[PDB]
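**Student:** One file: work-v4.pdb (PDB, C-alpha atoms).
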MODEL        1
ATOM      1  CA  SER A   1     -26.073   5.406  45.725  1.00  0.00           C
ATOM      2  CA  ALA A   2     -29.521   3.900  46.425  1.00  0.00           C
ATOM      3  CA  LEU A   3     -30.262   3.702  42.683  1.00  0.00           C
ATOM      4  CA  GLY A   4     -26.879   2.007  42.090  1.00  0.00           C
ATOM      5  CA  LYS A   5     -28.321  -0.703  39.856  1.00  0.00           C
ATOM      6  CA  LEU A   6     -29.635   1.775  37.289  1.00  0.00           C
ATOM      7  CA  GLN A   7     -26.462   3.854  37.513  1.00  0.00           C
ATOM      8  CA  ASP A   8     -24.404   0.679  37.187  1.00  0.00           C
ATOM      9  CA  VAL A   9     -26.168  -0.194  33.928  1.00  0.00           C
ATOM     10  CA  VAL A  10     -25.361   3.255  32.531  1.00  0.00           C
ATOM     11  CA  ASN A  11     -21.732   2.941  33.614  1.00  0.00           C
ATOM     12  CA  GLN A  12     -21.373  -0.454  31.955  1.00  0.00           C
ATOM     13  CA  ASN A  13     -22.779   0.798  28.660  1.00  0.00           C
ATOM     14  CA  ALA A  14     -20.594   3.897  28.813  1.00  0.00           C
ATOM     15  CA  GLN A  15     -17.500   1.783  29.414  1.00  0.00           C
ATOM     16  CA  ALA A  16     -18.315  -0.339  26.368  1.00  0.00           C
ATOM     17  CA  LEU A  17     -18.661   2.743  24.180  1.00  0.00           C
ATOM     18  CA  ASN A  18     -15.514   4.246  25.685  1.00  0.00           C
ATOM     19  CA  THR A  19     -13.613   1.023  25.032  1.00  0.00           C
ATOM     20  CA  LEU A  20     -14.941   0.929  21.473  1.00  0.00           C
ATOM     21  CA  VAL A  21     -13.751   4.480  20.866  1.00  0.00           C
ATOM     22  CA  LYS A  22     -10.293   3.765  22.265  1.00  0.00           C
ATOM     23  CA  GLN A  23      -9.984   0.804  19.899  1.00  0.00           C
ATOM     24  CA  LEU A  24      -9.689   3.362  17.091  1.00  0.00           C
ATOM     25  CA  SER A  25      -6.234   4.253  18.476  1.00  0.00           C
ATOM     26  CA  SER A  26      -4.835   0.721  18.042  1.00  0.00           C
ATOM     27  CA  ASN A  27      -2.640  -0.305  15.121  1.00  0.00           C
ATOM     28  CA  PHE A  28      -3.734  -3.978  15.309  1.00  0.00           C
ATOM     29  CA  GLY A  29      -0.354  -4.797  13.762  1.00  0.00           C
ATOM     30  CA  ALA A  30      -0.446  -2.137  11.043  1.00  0.00           C
ATOM     31  CA  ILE A  31       2.202   0.570  10.772  1.00  0.00           C
ATOM     32  CA  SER A  32      -0.043   3.380  12.052  1.00  0.00           C
ATOM     33  CA  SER A  33      -3.485   3.737  13.606  1.00  0.00           C
ATOM     34  CA  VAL A  34      -4.100   6.668  11.219  1.00  0.00           C
ATOM     35  CA  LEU A  35      -5.578   5.524   7.912  1.00  0.00           C
ATOM     36  CA  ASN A  36      -4.496   8.624   5.977  1.00  0.00           C
ATOM     37  CA  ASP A  37      -0.840   8.193   6.956  1.00  0.00           C
ATOM     38  CA  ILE A  38      -0.901   4.607   5.669  1.00  0.00           C
ATOM     39  CA  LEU A  39      -2.507   5.757   2.418  1.00  0.00           C
ATOM     40  CA  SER A  40      -0.007   8.585   1.885  1.00  0.00           C
ATOM     41  CA  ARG A  41       3.142   6.731   2.973  1.00  0.00           C
ATOM     42  CA  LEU A  42       3.086   3.243   1.430  1.00  0.00           C
ATOM     43  CA  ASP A  43       2.482   2.056  -2.107  1.00  0.00           C
ATOM     44  CA  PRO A  44      -1.048   0.752  -2.838  1.00  0.00           C
ATOM     45  CA  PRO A  45      -0.044  -2.955  -2.935  1.00  0.00           C
ATOM     46  CA  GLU A  46       1.158  -2.857   0.694  1.00  0.00           C
ATOM     47  CA  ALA A  47      -1.098  -0.044   1.893  1.00  0.00           C
ATOM     48  CA  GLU A  48      -3.877  -2.477   0.970  1.00  0.00           C
ATOM     49  CA  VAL A  49      -2.489  -5.081   3.383  1.00  0.00           C
TER
ATOM     50  CA  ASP B   1       3.541  -5.792 -24.241  1.00  0.00           C
ATOM     51  CA  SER B   2       7.118  -5.578 -25.531  1.00  0.00           C
ATOM     52  CA  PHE B   3       9.687  -2.811 -25.054  1.00  0.00           C
ATOM     53  CA  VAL B   4      13.257  -2.130 -23.885  1.00  0.00           C
ATOM     54  CA  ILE B   5      14.504  -0.357 -20.755  1.00  0.00           C
ATOM     55  CA  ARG B   6      17.665  -0.138 -18.655  1.00  0.00           C
ATOM     56  CA  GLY B   7      18.345  -2.646 -15.909  1.00  0.00           C
ATOM     57  CA  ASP B   8      17.878  -0.310 -12.944  1.00  0.00           C
ATOM     58  CA  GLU B   9      14.365   0.456 -14.224  1.00  0.00           C
ATOM     59  CA  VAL B  10      13.293  -3.203 -14.504  1.00  0.00           C
ATOM     60  CA  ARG B  11      12.014  -2.916 -10.927  1.00  0.00           C
ATOM     61  CA  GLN B  12       9.581  -0.229 -12.118  1.00  0.00           C
ATOM     62  CA  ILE B  13       7.719  -2.759 -14.315  1.00  0.00           C
ATOM     63  CA  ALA B  14       5.438  -3.993 -11.530  1.00  0.00           C
ATOM     64  CA  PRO B  15       2.071  -3.041  -9.979  1.00  0.00           C
ATOM     65  CA  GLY B  16       2.115  -0.096  -7.607  1.00  0.00           C
ATOM     66  CA  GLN B  17       5.563   1.156  -8.632  1.00  0.00           C
ATOM     67  CA  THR B  18       6.787   4.717  -9.132  1.00  0.00           C
ATOM     68  CA  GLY B  19       9.620   6.355 -11.038  1.00  0.00           C
ATOM     69  CA  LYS B  20      10.398   7.612 -14.523  1.00  0.00           C
ATOM     70  CA  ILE B  21       9.221   4.534 -16.439  1.00  0.00           C
ATOM     71  CA  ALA B  22       6.173   3.840 -14.271  1.00  0.00           C
ATOM     72  CA  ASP B  23       5.005   7.459 -14.156  1.00  0.00           C
ATOM     73  CA  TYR B  24       5.703   8.556 -17.737  1.00  0.00           C
ATOM     74  CA  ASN B  25       6.451   5.537 -19.955  1.00  0.00           C
ATOM     75  CA  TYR B  26       4.679   2.323 -18.896  1.00  0.00           C
ATOM     76  CA  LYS B  27       2.255   1.947 -15.978  1.00  0.00           C
ATOM     77  CA  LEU B  28       0.799  -1.359 -14.809  1.00  0.00           C
ATOM     78  CA  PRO B  29      -2.471  -1.439 -12.839  1.00  0.00           C
ATOM     79  CA  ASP B  30      -2.405  -2.069  -9.107  1.00  0.00           C
ATOM     80  CA  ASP B  31      -4.454  -5.254  -9.648  1.00  0.00           C
ATOM     81  CA  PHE B  32      -2.332  -6.462 -12.576  1.00  0.00           C
ATOM     82  CA  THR B  33      -2.754 -10.170 -13.351  1.00  0.00           C
ATOM     83  CA  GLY B  34      -0.082 -11.728 -15.534  1.00  0.00           C
ATOM     84  CA  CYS B  35       3.646 -12.181 -15.894  1.00  0.00           C
ATOM     85  CA  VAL B  36       6.629  -9.886 -16.435  1.00  0.00           C
ATOM     86  CA  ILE B  37       9.698 -11.235 -18.245  1.00  0.00           C
ATOM     87  CA  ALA B  38      12.970  -9.355 -18.664  1.00  0.00           C
ATOM     88  CA  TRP B  39      16.326 -10.407 -20.071  1.00  0.00           C
ATOM     89  CA  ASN B  40      19.625  -8.674 -20.763  1.00  0.00           C
ATOM     90  CA  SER B  41      20.162  -7.711 -24.407  1.00  0.00           C
ATOM     91  CA  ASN B  42      23.535  -5.968 -24.177  1.00  0.00           C
ATOM     92  CA  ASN B  43      24.931  -7.982 -27.093  1.00  0.00           C
ATOM     93  CA  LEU B  44      21.958  -6.951 -29.259  1.00  0.00           C
ATOM     94  CA  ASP B  45      20.969  -3.395 -28.265  1.00  0.00           C
ATOM     95  CA  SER B  46      24.429  -1.897 -27.631  1.00  0.00           C
ATOM     96  CA  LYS B  47      26.640  -0.172 -30.195  1.00  0.00           C
ATOM     97  CA  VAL B  48      30.284   0.883 -30.043  1.00  0.00           C
ATOM     98  CA  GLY B  49      29.288   4.433 -30.995  1.00  0.00           C
TER
ENDMDL
END
Rewrite the structure of this file - the entire thing - as structure tokens.
**Tutor:**
Amino acid sequence: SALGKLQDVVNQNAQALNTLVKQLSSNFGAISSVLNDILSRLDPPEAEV
Amino acid sequence: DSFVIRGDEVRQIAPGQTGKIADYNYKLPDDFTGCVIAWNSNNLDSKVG
């Protein structure tokens, strides 16, 4: 643990990236987090929204 | 653009619609800009036979 500082930095960055990646699983209010399902399921006028 | 359809198919005259008329007879673009006007013509287009 002596080099904690350096390790800490790494950890922080990793967390950011991890968080970023997990944000791909969020619908953000849409009907599905999967783009292809939205494209295939709804009509273009509402799939666009 | 003038034509005649049946009432149930009036819904199909709109951007991003599917069905008989939209697929095979008259298709509007998804980004259509303009107006659609429809009125009953039973007295004019119907015949006893």
**Student:** What residues in chain B lie within 8 Å of chain A, counting all atoms listed in the file, written as a list in words?
**Tutor:** residues 15, 16, 17 and 30 of chain B
**Student:** Using the selection just defined, write its residues with C-alpha atoms as a tab-separated table (two decimals), keeping the file's coordinate frame.
**Tutor:**
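This went into out-v7.tsv:
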chain	number	residue	atom	x	y	z
B	15	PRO	CA	2.07	-3.04	-9.98
B	16	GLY	CA	2.12	-0.10	-7.61
B	17	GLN	CA	5.56	1.16	-8.63
B	30	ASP	CA	-2.40	-2.07	-9.11
**Student:** CA of residue 32 (chain B) and CA of residue 40 (chain A), how far apart in Å?
**Tutor:**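 So the two atoms, CA of residue 40 (chain A) and CA of residue 32 (chain B), lie 21.0 Å apart.
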**Student:** Can you list, as a ChimeraX atom specification, every protein, DNA or RNA residue that comes within 12 Å of residue 1 (chain B) when you count all atoms listed in the file, leaving out same-chain residues fewer than 3 positions away?
**Tutor:** /B:4,13,26-28,34-38
**Student:** Expressed in Å to a single decimal, how great is the separation between CA of residue 33 (chain A) and CA of residue 17 (chain A)?
**Tutor:**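 Going from CA of residue 33 (chain A) over to CA of residue 17 (chain A), I get 18.5 Å.
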**Student:** With all atoms listed in the file as the basis for distance, which of A:22, A:49, A:1, A:15 is at the shortest distance from residue 35 (chain A)?
**Tutor:** A:49
**Student:** Env of residue 6 (chain B): 10 Å cut, atoms = all atoms listed in the file, seq-sep filter 4 positions within chain, self excluded. Answer as an MDAnalysis selection string.
**Tutor:** chainID B and resid 10:11 21 40:42
**Student:** Quick one, how far is CA of residue 31 (chain A) from CA of residue 9 (chain B)?
**Tutor:**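 A separation of 27.8 Å between them.
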